[PDB]
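Worksheet: one structure, shown below.
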Amino acid sequence: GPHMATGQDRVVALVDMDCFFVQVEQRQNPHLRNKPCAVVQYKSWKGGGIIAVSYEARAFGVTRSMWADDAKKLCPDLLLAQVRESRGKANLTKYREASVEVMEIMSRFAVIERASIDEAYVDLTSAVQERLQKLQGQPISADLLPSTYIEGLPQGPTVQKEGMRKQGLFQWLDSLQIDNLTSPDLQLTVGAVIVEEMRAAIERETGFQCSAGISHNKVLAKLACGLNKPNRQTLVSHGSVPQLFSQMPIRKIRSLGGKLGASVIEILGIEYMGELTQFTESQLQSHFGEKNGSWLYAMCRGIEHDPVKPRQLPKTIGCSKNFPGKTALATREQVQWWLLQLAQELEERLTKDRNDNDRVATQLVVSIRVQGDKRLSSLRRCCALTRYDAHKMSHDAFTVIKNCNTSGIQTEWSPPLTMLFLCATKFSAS
DNA sequence: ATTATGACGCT
DNA sequence: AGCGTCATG
Ligand SMILES: [Mg+2]
Ligand SMILES: [Mg+2]
Ligand SMILES: [Mg+2]
């Protein structure tokens, strides 16, 4: 009753750039704008692998993981932009630099946690407090929320998309208790006002459109963000959770899309997130461990405590390349040449990172995959990273992996390597 | 023959 | 430390 916490203490948003690599290419090349298009890596094998798809192309069934030659069968007019190649491998610098552009704008409004190259969480609790003091009990006009959806509304006693959106927003704003500075629904609404402003600033200063979710925690914010894409934002209130979760497949919740979510479904004999409420916390802990069990018990009630970490920069800087099928590396010269290519890209990125961000990596991690192993990584070994020098890094990586060579011959490498990966980690201020 | 990443948990 | 899992531009 009066002591049951409801997880309404924070306002958290998740901002995700719409089809991000596609938008970067469309900004650069206006001929791609408002077209079915996709971004591909490489070209020789089946036209290259698609990694990002504009919403126009998605309407034809084009998806990530498609080969471009297959996507062209669904969408013959599909336009393609290729990722840059440097030192024989894909180079994603253009997109990393664009991400920094966006993250720096977001950081003007609040502390952010970089979750990926194109998404960031925002803790808006204090900004909402501020804006509420400024508003002086003034109601919130729908004009301040021109792209906001209220999940679960309209409900109760027009046939266009935007008309629906506005009816739901009107129902929400009519029920609002604006004289209560501690109303969670009011704080979420002010949070959405701020996120509209943030999204306006991103689009004005970069050209890029994004979607966003606003709720009381990171999991609900991420889920909300996905509800209305693209170029829209969604508010998921605590009250909306029972109906939302009542038909929500467990796999749609971040961290439950893989084996653990499959075991929740199998062991408990349920399908939807809301069904989890019928188990005790001890029951869930017994099946899924203390940590997961407690997390599931709270999360199916809309409650989650994971903080927005103040981290705008990646924790690791890595370079990797697959060598599939026939291209697997089978000679020592081959392995050394590619280790050097990877190390040269890594040195370039590390030197720029040291200049930009006043930090130095201290550990080099070397990972390989060998032909036939089903695991993505077959071997992972770390060594000291003492100098940003590509020849030294590649020699060290070769030293830490050299005893993987089964070959009785010094020159041959067996069994051949299908993946090389170098990662710089454990940064210290400098 | 997706591929190139990146974060975090377990032991 | 090294491995697994999860995410997916
Ligand atoms: Mg995105
Ligand atoms: Mg994203
Ligand atoms: Mg995606």
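Just the heavy atoms: all of them, side chains too, but no hydrogens, waters or symmetry mates, feed the values below. First the proteins, then the strands, lettered A, B, ... as listed; each starts at 1.
- A:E281 and A:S294 make their closest contact through OE2-OG, 2.5 Å (heavy atoms, listed as atom of the first residue, atom of the second, distance).
- Between the CD atom of A:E85 and the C1' atom of B:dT2 there is a distance of 14 Å, given to the nearest Å.
- Across all non-hydrogen atoms, the minimal contact from A:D306 to A:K309 is OD1-NZ, 2.8 Å.
- Counting non-hydrogen atoms under 4.0 angstrom, A:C319 reaches the backbone sugars and phosphates but no base.
- The phosphate of B:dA4 has OP1 or OP2 within less than 4.0 Å of a side-chain N or O from A:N322.
- The ring-ring contact (aromatic ring centres under 6.0 Å, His included) search around A:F245 returns none, not counting sequence neighbours.
- Nearest heavy atom pair, residue A:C383 against residue A:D396, reads SG-CB, 4.0 Å.
- At a threshold of 4.0 angstrom between heavy atoms, the contacts of A:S65 include nucleobase atoms, whether or not backbone atoms are also involved.
- A side-chain donor-acceptor contact under 3.5 Å links A:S86 and A:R84.
- To the nearest angstrom, P of B:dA4 lies 17 Å from NZ of A:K94.
- Contact annotation for A:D70: no contact, since no heavy-atom pair falls under 4.0 Å across all strands.
- Using a 4.0 Å heavy-atom distance criterion, A:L420 is classed as making no nucleic acid contact.
- Atom pair A:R251:CZ and C:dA7:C1' shows a separation of 16 Å (rounding to whole Å applied).
- What separates CZ of A:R84 from P of B:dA4 is a distance of 16 Å, to the nearest Å.
- Residue A:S320 has its side chain nearest to B:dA4 when only B:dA7, C:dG9, B:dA4 are considered.
- A:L342 comes within 4.0 angstrom of nothing in the nucleic acid, heavy atoms only.
- For residues 20-56 of chain A, proximity to DNA chain B is found at A:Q41, A:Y42, A:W45, A:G49, A:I50, A:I51, defined as any non-hydrogen atom under 4.0 angstrom from a strand atom.
- Residue A:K259 places its side chain closer to C:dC6 than to any other of C:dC6, B:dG6, B:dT5.
- Minimum heavy-atom separation, A:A90 to A:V83: CB-CG1, 4.1 Å.
- When each of B:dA4, C:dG2, C:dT8 is scored by its nearest atom to the side-chain atoms of A:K89, the top-ranked nucleotide is B:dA4.
- A:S367 approaches A:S377 most closely through the heavy-atom pair OG-OG, 3.1 Å.
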Show me the protein contacts with nucleotides 8-10 of chain B, counting only N or O atoms at under 3.5 Å.
residue	atom	partner	partner atom	Å
B:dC8	OP2	A:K315	NZ	3.1

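- Using a 4.0 Å heavy-atom cutoff across all strands shown, A:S116 reaches no nucleic acid atom at all.
- Of the side-chain N and O atoms in A:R369, none sit less than 4.0 angstrom from OP1 or OP2 of B:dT3.
- Remark: A:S255 is not in phosphate contact with C:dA7, judged by side-chain N or O atoms under 4.0 Å from OP1 or OP2.
- Atom P of C:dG9 sits at a distance of 25 Å from the matching atom of B:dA1, rounded to the whole Å.
- Between A:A361 and A:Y388, the closest heavy-atom pair is N-OH, 2.7 Å.
- With C:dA1, B:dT5, C:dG9 as the choices, the nucleotide that has an atom nearest any side-chain atom of A:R349 turns out to be B:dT5.
- Side-chain polar atoms of A:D185 and A:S237 form no donor-acceptor pair below 3.5 angstrom.
- When the P atom of B:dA4 is taken as reference, atom CG of A:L346 falls 15 Å away, rounded to whole Å.
- Between A:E85 and A:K43 no salt bridge is recorded (no basic side-chain N to carboxylate O distance below 4.0 Å).
- Nearest-nucleotide positions on DNA chain B for A:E345 and A:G325 put A:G325 closer to the 5' end.
- Backbone-only engagement by A:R96 is indicated by non-hydrogen atom pairs under 4.0 Å involving sugar-phosphate atoms exclusively.
- Put simply, A:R375 has a side-chain N or O that comes within less than 4.0 Å of OP1 or OP2 on C:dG4.
- One can place CG of A:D118 at 14 Å from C1' of B:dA4, the figure rounded to the nearest angstrom.
- Between the CG atom of A:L376 and the P atom of C:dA7 there is a distance of 14 Å, given to the nearest Å.
- Closest to the side chain of A:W67, out of B:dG6, B:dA1, C:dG9, is B:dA1.
- Between the NZ atom of A:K374 and the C1' atom of C:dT5 there is a distance of 12 Å, given to the nearest Å.
- Heavy atoms from other residues, nucleotides or ligands lying under 6.0 Å from CD of A:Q160 number more than 12.
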